[PDB]
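Asker:
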Amino acid sequence: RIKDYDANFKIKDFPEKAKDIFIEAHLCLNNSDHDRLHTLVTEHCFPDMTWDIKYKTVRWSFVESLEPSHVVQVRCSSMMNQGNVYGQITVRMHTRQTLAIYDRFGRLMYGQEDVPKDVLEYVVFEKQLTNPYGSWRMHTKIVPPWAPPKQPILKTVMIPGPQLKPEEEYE
Amino acid sequence: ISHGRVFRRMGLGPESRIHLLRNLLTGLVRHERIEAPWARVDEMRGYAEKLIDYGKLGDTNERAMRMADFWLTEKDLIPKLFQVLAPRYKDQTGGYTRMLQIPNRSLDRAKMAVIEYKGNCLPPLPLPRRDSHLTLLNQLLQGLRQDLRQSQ
Amino acid sequence: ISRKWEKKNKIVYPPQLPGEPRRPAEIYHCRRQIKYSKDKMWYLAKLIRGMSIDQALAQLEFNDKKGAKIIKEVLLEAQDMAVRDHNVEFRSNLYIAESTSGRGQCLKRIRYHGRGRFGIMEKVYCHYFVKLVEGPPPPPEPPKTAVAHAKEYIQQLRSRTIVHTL
Amino acid sequence: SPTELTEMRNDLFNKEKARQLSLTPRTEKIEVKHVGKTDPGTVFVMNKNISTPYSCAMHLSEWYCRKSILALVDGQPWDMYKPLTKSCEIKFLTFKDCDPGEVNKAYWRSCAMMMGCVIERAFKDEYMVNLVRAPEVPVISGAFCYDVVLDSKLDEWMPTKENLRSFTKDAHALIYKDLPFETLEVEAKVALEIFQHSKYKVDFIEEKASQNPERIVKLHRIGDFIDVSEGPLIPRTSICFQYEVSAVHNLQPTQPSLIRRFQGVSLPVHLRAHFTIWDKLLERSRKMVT
Amino acid sequence: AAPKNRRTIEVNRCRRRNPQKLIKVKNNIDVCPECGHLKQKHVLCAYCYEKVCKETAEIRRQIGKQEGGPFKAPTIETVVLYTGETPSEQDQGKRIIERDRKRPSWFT
Ligand SMILES: [Mg+2]
Ligand SMILES: [Mg+2]
Ligand SMILES: [Mg+2]
Ligand SMILES: [Zn+2]
Numbered sequence: 124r125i126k127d128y129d130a131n132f133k134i135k136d137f138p139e140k141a142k143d144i145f146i147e148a149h150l151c152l153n154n155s156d157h158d159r160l161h162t163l164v165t166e167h168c169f170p171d172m173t174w175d176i177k178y179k180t181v182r183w184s185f186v187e188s189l190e191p192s193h194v195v196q197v198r199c200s201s202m203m204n205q206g207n208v209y210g211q212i213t214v215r216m217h218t219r220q221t222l223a224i225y226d227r228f229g230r231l232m233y234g235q236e237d238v239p240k241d242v243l244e245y246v247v248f249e250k251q252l253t254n255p256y257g258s259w260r261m262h263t264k265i266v267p268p269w270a271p272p273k274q275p276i277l278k279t280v281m282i283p284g285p286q287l288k289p290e291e292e293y294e
Numbered sequence: 009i010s011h012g013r014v015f016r017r018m019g020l021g022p023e024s025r026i027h028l029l030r031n032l033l034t035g036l037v038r039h040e041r042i043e044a045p046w047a048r049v050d051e052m053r054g055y056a057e058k059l060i061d062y063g064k065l066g067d068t069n070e071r072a073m074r075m076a077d078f079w080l081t082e083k084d085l086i087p088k089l090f091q092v093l094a095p096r097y098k099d100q101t102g103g104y105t106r107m108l109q110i111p112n113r114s115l116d117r118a119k120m121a122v123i124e125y126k127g128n129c130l131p132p133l134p135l136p137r138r139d140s141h142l143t144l145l146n147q148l149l150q151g152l153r154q155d156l157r158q159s160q
Numbered sequence: 047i048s049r050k051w052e053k054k055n056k057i058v059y060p061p062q063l064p065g066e067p068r069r070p071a072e073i074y075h076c077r078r079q080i081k082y083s084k085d086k087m088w089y090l091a092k093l094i095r096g097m098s099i100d101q102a103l104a105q106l107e108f109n110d111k112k113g114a115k116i117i118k119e120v121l122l123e124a125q126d127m128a129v130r131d132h133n134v135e136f137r138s139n140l141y142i143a144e145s146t147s148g149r150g151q152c153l154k155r156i157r158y159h160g161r162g163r164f165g166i167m168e169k170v171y172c173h174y175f176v177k178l179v180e181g182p183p184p185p186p187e188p189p190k191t192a193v194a195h196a197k198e199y200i201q202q203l204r205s206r207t208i209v210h211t212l
Numbered sequence: 036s037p038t039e040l041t042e043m044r045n046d047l048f049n050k051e052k053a054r055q056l057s058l059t060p061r062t063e064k065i066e067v068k069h070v071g072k073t074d075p076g077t078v079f080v081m082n083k084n085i086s087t088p089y090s091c092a093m094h095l096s097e098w099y100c101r102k103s104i105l106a107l108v109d110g111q112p113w114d115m116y117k118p119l120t121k122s123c124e125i126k127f128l129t130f131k132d133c134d135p136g137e138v139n140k141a142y143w144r145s146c147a148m149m150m151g152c153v154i155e156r157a158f159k160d161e162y163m164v165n166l167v168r169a170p171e172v173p174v175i176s177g178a179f180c181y182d183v184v185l186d187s188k189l190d191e192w193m194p195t196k197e198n199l200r201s202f203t204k205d206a207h208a209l210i211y212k213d214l215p216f217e218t219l220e221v222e223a224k225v226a227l228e229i230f231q232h233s234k235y236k237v238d239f240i241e242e243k244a245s246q247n248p249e250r251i252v253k254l255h256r257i258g259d260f261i262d263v264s265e266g267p268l269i270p271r272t273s274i275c276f277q278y279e280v281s282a283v284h285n286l287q288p289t290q291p292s293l294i295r296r297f298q299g300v301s302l303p304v305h306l307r308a309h310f311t312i313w314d315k316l317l318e319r320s321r322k323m324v325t
Numbered sequence: 079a080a081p082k083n084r085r086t087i088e089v090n091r092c093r094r095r096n097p098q099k100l101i102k103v104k105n106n107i108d109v110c111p112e113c114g115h116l117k118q119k120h121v122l123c124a125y126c127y128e129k130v131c132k133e134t135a136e137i138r139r140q141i142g143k144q145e146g147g148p149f150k151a152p153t154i155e156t157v158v159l160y161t162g163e164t165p166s167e168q169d170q171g172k173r174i175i176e177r178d179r180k181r182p183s184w185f186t
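Chains as they are written, first to last, in UniProt numbering: chain A, 124 to 294; chain B, 9 to 160; chain C, 47 to 212; chain D, 36 to 325; chain E, 79 to 186.
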C-alpha cells in the first residue's frame, strides 16, 4: 500500500535514510535552524522538540552506532480523512550519543561535555502518500515501560506539600 | 493640656460615648467574644468588669437590676447575666475579661482587639505563651535557684 | 509606550568555560498600570531595595500601605518563575537588585469648584519593576572610619603642586 | 613544632575528606520528607553525599537557616552541615523548642570545643599545653569545662583576672570570624594518624572506637583547629553572643599529673540575657563544678 | 498666600528622600511556632486567628439553629461536642451543641 502510491520505495535502503535524517534533525536543534527542521520533522513532533529548548543552548553530537538500524513494523492508514493517506514506519536505533544542555546564563545544567553514553530508541516516520510533495519525516518516539530512567539532573529540587487553608488538616 | 484625664472622647459626644460602649458590652455579654477597634475595646473593657460585680450582687438587689436594665439592651441577657455569668466567676475577685491585639483591619487599617469573657464555650484564642522551662537560659536560671536554696 | 523590561528575560549568554566564576542568575519582572501614585510606590520600592527576598516579603507583609500587597504579589510571582524557568536552585537565595516605580498612563477627569470654576483631576497609574539576583545579598558598605578620613587627607596634601611655575 | 603540626593535620584532614567525596558515583537522588509541624509533606530531592540539612532549610526560607540549630534524621541528632547518606525523614530543631534537650547539649559541647581551641594558641611555645578532653556536663550545672595539662614549669602558675579577660577577648575574636564547624566521620585508624602526638587524645579515640560496634569516630574542625567530639555540634560560631572564660580549677588527686579544668559560660544569640542576669550567671560559673 | 517661585527637583528631592519621610524597617517580626507563618510579636498570628474564627463562626451557626429566633438566650451554661464523644456527669444540665466533624487538635 506504499508501493502502489510511490512505486520507488525499498525497505532495504530506508534505514540509512532514517539514520541520517535523525542526525541532521538533532544538528538543527543544535544551531537553532527551524526552517530545515520543518522540512525534516512533522508538525506533531516539532512542539515536543522545541518547547523547552528556547532560551537555552544544546550541544548534541552523534558518536558511532552500536547495533545497525532496522525496521520493526510498517503500517498504513485507511482513508480516515478526505484526500489524505498517511504511512507510519517504525525503526529501532541503538547508538551512543553525547549531550549537554546549558542554562540561559550558560551554566551546564544537564549531561556531560564530551563523553558518550548508549541509548536505545524507537522512532516513527510518516509520509503523505496522496501528496506528490510529501516526504518521510520523523514523527515521534516510543518510550518502552521497561526502559531505565533518564540520567539524574545536576540540581536538587523541592516538591511543595499541600498548601492548607486555615480550615484544613494535613493527612 | 489634659493631665490625668481618664476617659477618652469617643462618639459625637458623651451621650453617644456611653451608647457605643453599651452596644459593645451588649454584644460581648451575648456572644462572649467580640472584635472591635482597639481604643473602644479598651474603653468598654472596664465597664464590662464593673458589670460582673453588679451581677454578683444578685437578682434581689434592686439597684443592680436597674443597672443591668440600662446596660443590656436585649433584656433577655439580664437573666443570663445573673444566672450564668455571676455564678461562673464566683471564686475570682477580679479579672473576668481578657483583651488581645490582633492584625489591623483591612479596609481602615485600624488597630483591632479581641475581647472575651474567660471560661466561655468557644474555641480558645491563640495566646502568647512564655518559653518552656527546659530552654537553655531557663535551665541556667534554675541552676542559680538551686544554688541559693541548697546554700541554706 | 515602551516594554523593554519584559524582553530582558530573553537574553541568552553563550556557555561558560570551566575556568570561570559561576554567573549569578538574573530575573527581571514587572507589573503595569497599577492604580496607585508612582511617588507613593517609590517609598515601598526604596524600602526593599537591597534586602533578600524573604526579608523583603517579611517587611512587606506588615506594611499597611495599599501598594505593599501588590509588590508582595510581584515578588512571589518573580520568585516562582525564578525557580521554575530561570534554573535557580534555592528560592531563598535571592535579593532585590533594583526596585523602581515608573509613571503609567493616566486619564483626566474634571473637578467642580465653586462659582463656575473647575480643575483637571488625573487618575494616576504607575508601573513597578523588580530584578532578582541569585546568591547572598551584598554586605552594605562600612561607615567611613577616622583612619580612612585621615589616610585620604594625607593623600590629598601629597597631591599639591607648585602652581603656575615651570 | 606546633605551627607545622596544625597545618599537617589539615592536609591529612583534607585528603581524607577528598577520598570520601571521590567514592561517590556522580550524584544519586535521595528523597527527604519534612516531618515538621510546619509545612508538612515537603519532599526534597537531594544529592546523595553532598546535600545537607542546611540545603533543605534553604529550600524553605531564610527563617529556617537563621533559626535552625540541629536536625533529626530518622530521629537522631545530626549536624546542620553534615552531608546525608540515604533517604529519610527530616525535622529541624531550634532553641525555643518545647524540649530543647538535644539542642542545649549540642550547644555546650561546641562552646567547650572552641574554648579548648583558644586555650591552645594562648600560650608561648616555651611552655607545653596539652588538651586532654571536654567531659560531658549537664547544662543545669554551672558552666562548660575543658580539662588541660600544662607544663611542669607552670606548676605554681595560677591565672589572674586580667589573664581571664585576655582569654575572653580571644574567644570573642573567634566568634567574630564566624567559622563553620566542619564535621567528618571516619574509621579509627586515619584519626590515629591525625592524633598520635598527644596520648591524651589517642586513648580517647580508642575509647570511642571500642564502645561503637564500628570504628567510626567524629572529628569537628573549626577553620584550622581539629578536635575529637562525642556528638553533634552547632553550625557556626556566630551562634554564640556572650562568652566569658570564668575560672581555672585544679583537681585534687593530681600528684602524678596536674589537671586544670578551665570553666566558662556562654549564651546563644537567640537567648541573650540582660546585663544584670548574665552577671549572676558568671558568678555561678566561678564555682568549681563536678 | 502663593508660592513666589517654582521649587526645583533637587530641593524637592531633599524633602522627599530624607530618612524622616522614609518607611522604617520593622524589627519585631517572628515565625509563628504553631503554623510556621509570619506573625508580629505582641500581635496574634493572623493565620492561627483566622483558623479559630472559622471554627467559632460555625459554632455560632449551630447556636442559632437550636436557639431558633431572637431573645431566646438560655439561663444555663453551654458546651460544644463533636462526633463520637459524650457529655460528662458535670456536663449534665447544660446546653449541648453537636458537630459533624472530628475535634481539632488545638481545641481540647
Ligand atoms: Mg471622632
Ligand atoms: Mg452652578
Ligand atoms: Mg495635576
Ligand atoms: Zn500561627
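Where is the CB? At the ideal position from N, CA and C, for every residue including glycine.
In chain order, what residues of the same chain have a beta carbon less than 8 Å from the beta carbon of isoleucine 85(D), not counting five sequence neighbours either side?
Answerer: If we look at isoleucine 85(D) and ignore the five residues flanking it on each side, its Cβ neighbours are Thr59, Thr62, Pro118.
Asker: Say the cut is 7 Å; is the CB of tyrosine 99(D) nearer than that to a heavy atom of ligand 4?
Answerer: Incorrect: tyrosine 99(D) has no Cβ contact closer than 7 Å to ligand 4.
Asker: Identify, in the order they occur along the chain, each residue of the same chain with its Cβ nearer than 8 Å to the Cβ of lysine 154(C), setting aside the five sequence neighbours on each side.
Answerer: The residues are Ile166, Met167, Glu168, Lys169.
Asker: Could you name each continuous alpha helix (DSSP H) segment of 4 residues or more that falls completely within the region 155-220 of chain D, going from the start of the chain to the end?
Answerer: Runs of the alpha helix (DSSP H) inside the region 155-220 of chain D: 196-212.
Asker: Would the region 223-233 of chain D count as touching the region 254-273 of chain D if we require 3 or more Cβ pairs under 8 Å?
Answerer: Judged by Cβ distances under 8 Å, the region 223-233 of chain D makes contact with the region 254-273 of chain D, as three or more pairs qualify.
Asker: So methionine 93(D) contacts chain C; which residues on that side make the cut at Cβ distance below 7 Å?
Answerer: Within 7 Å Cβ-Cβ: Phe136, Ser138, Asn139.
Asker: Would you kindly work out how many angstroms separate the C-alpha atoms of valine 324(D) and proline 170(D), rounded to a whole number?
Answerer: Roughly 11 Å between the two C-alpha positions.
Asker: Can you find a heavy atom of ligand 3 that lies under 7 Å from the Cβ of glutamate 168(C)?
Answerer: Yes, since a heavy atom of ligand 3 falls inside the 7 Å radius drawn around the Cβ of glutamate 168(C).
Asker: What does the alpha-carbon distance come out to for the pair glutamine 79(C) and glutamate 66(D)?
Answerer: If I take the Cα positions, the gap works out to 43 Å.
Asker: Given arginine 44(D), which residues of its chain have a CB within under 6 Å of its CB, disregarding the five upstream and five downstream residues?
Answerer: Around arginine 44(D): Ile229, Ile261.
Asker: In the DSSP output, which residue or residues are listed as bridge partners for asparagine 285(D)?
Answerer: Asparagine 285(D) is bridged to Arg295(D).
Asker: Following a CB-centred definition, is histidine 115(E) positioned closer than 7 Å to any heavy atom of ligand 4?
Answerer: Answer for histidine 115(E): yes, Cβ within range of ligand 4.
Asker: Quickly, what does DSSP pair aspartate 262(D) with across the bridge? List them, please.
Answerer: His255(D).
Asker: Are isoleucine 94(C) and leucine 178(C) close, meaning C-beta to C-beta below 8 Å?
Answerer: No.
Asker: Expressed to the nearest angstrom, what Euclidean distance is found between the alpha-carbon atoms of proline 131(B) and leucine 142(B)?
Answerer: For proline 131(B) and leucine 142(B), the distance between alpha carbons rounds to 28 Å.
Asker: With a threshold of 6 Å on Cβ separation, who are the neighbours of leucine 306(D) within its own chain once the five nearest residues in sequence on each side are excluded?
Answerer: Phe130.
Asker: Measuring straight from C-alpha to C-alpha, what distance separates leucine 209(D) and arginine 168(D)?
Answerer: Cα to Cα, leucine 209(D) sits roughly 20 Å from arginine 168(D).
Asker: With a threshold of 16 other CB atoms inside 10 Å of the CB of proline 134(B), please say whether the residue is buried or exposed.
Answerer: That one is buried.
Asker: Compare the Cα-Cα distances from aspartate 139(B) to each of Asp190(D), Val172(D), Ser145(D), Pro135(D) and report the closest residue.
Answerer: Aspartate 139(B) has its Cα closest to that of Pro135(D), out of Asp190(D), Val172(D), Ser145(D), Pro135(D).
Asker: At 8 Å on the CB atoms, spell out the chain E contacts of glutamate 107(C), in chain order.
Answerer: Chain E residues near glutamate 107(C): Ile107, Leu116.
Asker: What are the residues in the region 58-83 of chain C lying within 7 Å of chain A by C-beta distance?
Answerer: Within the region 58-83 of chain C, the residues whose Cβ lies closer than 7 Å to some Cβ of chain A are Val58, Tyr59, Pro60, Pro61, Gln62, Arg68, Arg69, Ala71, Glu72, listed in chain order.
Asker: Are the C-beta of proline 289(A) and some C-beta of chain D separated by less than 8 Å?
Answerer: False, the Cβ-Cβ gap to chain D never drops below 8 Å.
Asker: Taking just the CA atoms, how far does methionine 115(D) sit from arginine 219(A)?
Answerer: Between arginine 219(A) and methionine 115(D), the C-alpha separation is close to 41 Å.
Asker: Answer yes or no: does any C-beta atom of chain A fall closer than 8 Å to that of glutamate 163(E)?
Answerer: For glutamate 163(E), the answer is no, since every Cβ of chain A falls outside 8 Å of its Cβ.
Asker: Whose C-alpha, out of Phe145(A), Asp129(A), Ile134(A), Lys133(A), is nearest the C-alpha of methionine 261(A)?
Answerer: Checked all of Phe145(A), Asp129(A), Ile134(A), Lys133(A); the closest Cα to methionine 261(A) is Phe145(A).
Asker: Hey, would you say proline 112(D) sits closer than 8 Å to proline 267(D), going by beta carbons?
Answerer: Yes, the pair counts as a contact, with Cβ atoms nearer than the cut-off.
Asker: Can you give me, in chain order, the residues of the region 171-204 of chain D that have a beta carbon less than 8 Å from any beta carbon in chain B?
Answerer: Taking 8 Å as the Cβ-Cβ cut-off against chain B, the residues of the region 171-204 of chain D that qualify are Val174, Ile175, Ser176, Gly177.
Asker: Output yes if chain E places a C-beta closer than 8 Å to the C-beta of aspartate 259(D); else output no.
Answerer: So, not an interface residue.
Asker: Mind listing the chain B neighbours of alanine 308(D)? Cutoff is C-beta to C-beta under 8 Å, in chain order.
Answerer: The answer, in chain order, is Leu145.
Asker: For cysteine 76(C), which residues from the same chain have a beta carbon less than 8 Å from its beta carbon, with the 5 sequence-adjacent residues on both sides left out?
Answerer: Contacts found: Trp51, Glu52, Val120, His173, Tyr174, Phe175, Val176.
Asker: Does the beta carbon of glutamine 150(B) come closer than 8 Å to any beta carbon on chain D?
Answerer: Yes, contact with chain D.
Asker: Considering only their Cβ atoms, is the gap separating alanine 76(B) from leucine 89(B) smaller than 8 Å?
Answerer: Going by C-beta atoms, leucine 89(B) is nearer than 8 Å to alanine 76(B).
Asker: Below 7 Å, is the gap between the Cβ of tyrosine 125(E) and the nearest heavy atom of ligand 4?
Answerer: Correct: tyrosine 125(E) has its Cβ closer than 7 Å to ligand 4.
Asker: Can you tell which of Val108(D), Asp109(D), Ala92(D) has the C-alpha that lies nearest to the C-alpha of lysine 102(D)?
Answerer: The shortest Cα separation from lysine 102(D) among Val108(D), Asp109(D), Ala92(D) belongs to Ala92(D).
Asker: Taking 7 Å as the line, does the beta carbon of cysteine 131(E) fall inside it for any heavy atom of ligand 6?
Answerer: With respect to small molecules bound, the structure shown includes ligand 1, ligand 2, ligand 3 and ligand 4 and not ligand 6.
Asker: Helix, strand or coil: how does DSSP classify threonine 86(E) here?
Answerer: Of the three classes helix, strand and coil, the one that applies to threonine 86(E) here is coil, per DSSP.
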